[PDB]
């Protein structure tokens, strides 16, 4: 279930506060209650997986928070807003978004999203 991935496999682990799963068209597949990645925000993310020009210099927006880009490649885009941040990992057909707060070890949030991506690819996603 897409809802389960988000609730249980991401948020449920406590390494991430809010999580969403998107489509390469930037449309949300499932989201944690109260977390909202807009289409517009979504289409920008996807786009950056292709060309990270925009994003590398201007940062990006996820549900009202503007993050500055720490890392951007074909598989991973990392955002940081002070002691907070977001880990996005593009899979074959989807994009994982794992937002974390100052109460979470960044190293841990990244390792959890990155590993769920690995498991999801292996399933055909």
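Numbering follows the first chain given and starts at 1.
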Of 67 to 75 and 49 to 57, the one with larger mean CA B-factor
49 to 57
Between 77 to 85 and 93 to 101, the record assigns the higher mean Cα B factor to 77 to 85
Residue 27 - Cα temperature factor, lowest/middle/highest third of chain
middle
Based on the entry's values, in what third of the chain does the Cα temperature factor of residue 1 lie: lowest, middle or highest?
highest
Taking the C-alpha B-factors as the PDB entry records them, is residue 108 in the lowest, middle or highest third of its chain?
middle
